[PDB]
Structure formats: C-alpha cells, structure tokens
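**Q** Could you have a look at this structure, given as structure tokens, before my questions?
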Amino acid sequence: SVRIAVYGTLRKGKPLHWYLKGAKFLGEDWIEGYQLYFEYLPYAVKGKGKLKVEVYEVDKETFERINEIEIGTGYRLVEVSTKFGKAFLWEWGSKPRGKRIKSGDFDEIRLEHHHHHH
C-alpha cells in the first residue's frame, strides 16, 4: 500500500482519475512549498505557496500502473508531508508552463468554466 498526494490529473473528476477507482480516499490537504501552473497539463513545482491535494492509499499494483503512464514522463516522484502521513507526489521536473493558479487549487479552472457557462 502506497500513500499518494495528487493535485491535478489524478484528482477526482480529472482526466486520469479512473486509475484510482479502487483506491481509498483519506481526505484533502495542503502542501506547503509548492506552486501550481497549468497549460495543457497541471504542474506542481517548488516555490512560495501552498498546493491543494487529495490524499489516497493505493496498492502496489495500482501505484506501479500509474507510475508507468506515458504522461508521467516529465514528472519525478518526491515525498511530501501530509496530515495523514508521508505521501508520494509527482513533481514537474522542468520549468513550469502556463498561467499560475494562485489559489494552488486545480479546481480554480472549473470556476472559470462556471463563469463562462453558468
């Protein structure tokens, strides 16, 4: 069993969340020392600010499957502290791209959707 903290693509409702359909959701938390950027993909890089994450417990097979996904190419595995204990997080390994999401919450993009269609 591996504990992971996801801030983007793997979060509930996001493009790759189906990989976590069998995982156990522990709750959300905030990781200090990270900034969030978004172009076509979400990027968490070290910097001043806090990052919203969803923390899950996944089995070995599930973790290995996720860590094999092609899109994970540009991210590297790091460890972060969460209120549920240490967890792994996929940190973007290059300069971030796209606009900064000031709230540190990937859901800010949905708020934009809300503003345009509702």
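Naming scheme: A, B, ... for chains in displayed order of the structure tokens; residues 1 onward per chain; ligands 1 onward as shown.
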Check the DSSP output for the backbone and give back, as number ranges by chain, the residues of chain A in alpha helix (DSSP H).

**A** A: 60-66, 108-117

**Q** List the neighbours of residue 7 of chain A out to 9 Å using only C-alpha atoms; skip same-chain residues closer than 6 positions along the sequence, and give me the result as a PyMOL selection string.

**A** chain A and resi 36+42-44+51-54+89-90+104-106

**Q** What lies within 7 Å of segment 92-103 of chain A using only C-alpha atoms, ignoring chain neighbours under 4 positions off, as a list in words?

**A**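 Listing them by chain and then by number gives residues 36, 37, 38, 39, 43, 44, 45, 74, 75 and 76 of chain A.
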
**Q** Counting only C-alpha atoms, which of A:84, A:72, A:50, A:9 gets nearest to residue 28 of chain A?

**A**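 Smallest separation from residue 28 of chain A among the options: A:84.
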
**Q** Per DSSP on the backbone, filter chain A down to the residues in strand (DSSP E or B) and report them as a PyMOL selection string.

**A** chain A and resi 2-6+24-38+42-58+75-80+87-92+99-100

**Q** Quick one: residues within 9 Å of residue 60 of chain A, only C-alpha atoms counted, chain neighbours fewer than 4 positions away excluded, as a ChimeraX atom specification?

**A** /A:1-2,64-65

**Q** Keeping N, CA and C atoms for every residue in the selection just given, could you write it to a file as a short mmCIF file (atom, residue, chain, number, x, y, z; two decimals), in the first residue's frame?

**A**
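To be explicit, this is the file written out as result.cif:
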```
data_model
loop_
_atom_site.label_atom_id
_atom_site.label_comp_id
_atom_site.auth_asym_id
_atom_site.auth_seq_id
_atom_site.Cartn_x
_atom_site.Cartn_y
_atom_site.Cartn_z
N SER A 1 0.85 -1.23 0.00
CA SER A 1 0.00 0.00 0.00
C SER A 1 0.87 1.25 0.00
N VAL A 2 0.60 2.16 -0.94
CA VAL A 2 1.35 3.40 -1.06
C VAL A 2 0.43 4.61 -0.89
N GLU A 64 2.20 1.15 -9.36
CA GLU A 64 3.09 0.84 -10.47
C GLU A 64 2.44 1.15 -11.82
N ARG A 65 1.14 0.88 -11.94
CA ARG A 65 0.44 1.16 -13.19
C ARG A 65 0.46 2.65 -13.49
#
```

**Q** Would you please work out which residue, of A:24, A:3, A:58, A:8, is nearest to residue 79 of chain A when using only C-alpha atoms?

**A**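 Answer, going by the shortest atom-to-atom distance: A:3.
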
**Q** Any idea what's packed within 10 Å of residue 12 of chain A, counting only C-alpha atoms, ignoring anything in its chain fewer than 5 positions away? Could you give it as a ChimeraX atom specification?

**A** /A:6-7,17-18,20-21,25,54

**Q** Write the selection just made, keeping N, CA, C and O atoms, as a PDB file, in the first residue's frame?

**A**
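selection11.pdb written:
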```pdb
ATOM      1  N   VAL A   6      -2.224  13.806  -4.796  1.00  0.00           N
ATOM      2  CA  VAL A   6      -2.415  14.290  -6.156  1.00  0.00           C
ATOM      3  C   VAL A   6      -3.077  15.662  -6.206  1.00  0.00           C
ATOM      4  O   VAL A   6      -4.046  15.935  -5.490  1.00  0.00           O
ATOM      5  N   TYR A   7      -2.531  16.527  -7.053  1.00  0.00           N
ATOM      6  CA  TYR A   7      -3.003  17.898  -7.192  1.00  0.00           C
ATOM      7  C   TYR A   7      -3.635  18.209  -8.537  1.00  0.00           C
ATOM      8  O   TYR A   7      -4.249  19.262  -8.697  1.00  0.00           O
ATOM      9  N   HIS A  17      -8.457  10.193 -13.303  1.00  0.00           N
ATOM     10  CA  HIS A  17      -8.950   9.703 -12.028  1.00  0.00           C
ATOM     11  C   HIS A  17      -9.391   8.248 -12.027  1.00  0.00           C
ATOM     12  O   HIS A  17      -9.377   7.607 -10.977  1.00  0.00           O
ATOM     13  N   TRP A  18      -9.775   7.723 -13.186  1.00  0.00           N
ATOM     14  CA  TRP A  18     -10.220   6.336 -13.239  1.00  0.00           C
ATOM     15  C   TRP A  18      -9.162   5.359 -12.727  1.00  0.00           C
ATOM     16  O   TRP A  18      -9.489   4.245 -12.326  1.00  0.00           O
ATOM     17  N   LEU A  20      -7.668   5.573 -10.041  1.00  0.00           N
ATOM     18  CA  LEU A  20      -7.836   5.490  -8.592  1.00  0.00           C
ATOM     19  C   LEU A  20      -9.208   5.002  -8.126  1.00  0.00           C
ATOM     20  O   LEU A  20      -9.533   5.102  -6.945  1.00  0.00           O
ATOM     21  N   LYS A  21     -10.004   4.468  -9.043  1.00  0.00           N
ATOM     22  CA  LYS A  21     -11.342   3.998  -8.700  1.00  0.00           C
ATOM     23  C   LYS A  21     -11.422   2.978  -7.568  1.00  0.00           C
ATOM     24  O   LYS A  21     -12.451   2.870  -6.900  1.00  0.00           O
ATOM     25  N   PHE A  25      -9.761   7.030  -0.465  1.00  0.00           N
ATOM     26  CA  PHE A  25      -9.604   8.467  -0.284  1.00  0.00           C
ATOM     27  C   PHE A  25      -9.495   8.761   1.209  1.00  0.00           C
ATOM     28  O   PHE A  25     -10.391   8.418   1.982  1.00  0.00           O
ATOM     29  N   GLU A  54      -5.349  15.776  -2.945  1.00  0.00           N
ATOM     30  CA  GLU A  54      -6.274  14.757  -2.480  1.00  0.00           C
ATOM     31  C   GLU A  54      -5.315  13.629  -2.128  1.00  0.00           C
ATOM     32  O   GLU A  54      -4.456  13.269  -2.938  1.00  0.00           O
TER      33      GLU A  54
END
```

**Q** Using only C-alpha atoms, which residues sit within 10 Å of residue 81 of chain A once same-chain residues fewer than 5 positions away are excluded, as number ranges by chain?

**A** A: 5, 29-32, 86-89

**Q** Can those selected residues be exported to a file as a compact mmCIF listing (two decimals), in the first residue's frame so that it contains C-alpha atoms?

**A**
```txt
# COMPACT_ATOMS: atom_id res chain seq x y z
CA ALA A 5 -0.94 13.12 -2.86
CA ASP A 29 -4.75 18.53 2.45
CA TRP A 30 -2.43 21.42 1.60
CA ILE A 31 1.26 21.01 0.82
CA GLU A 32 3.45 23.97 1.73
CA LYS A 86 4.20 10.92 4.31
CA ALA A 87 3.00 10.52 0.72
CA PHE A 88 4.43 10.43 -2.78
CA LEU A 89 3.74 13.28 -5.20
```

**Q** Which value, in Å to one decimal, gives the distance between atom CA of residue 41 of chain A and atom CA of residue 70 of chain A?

**A**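 That distance, rounded to one decimal, is 13.0 Å.
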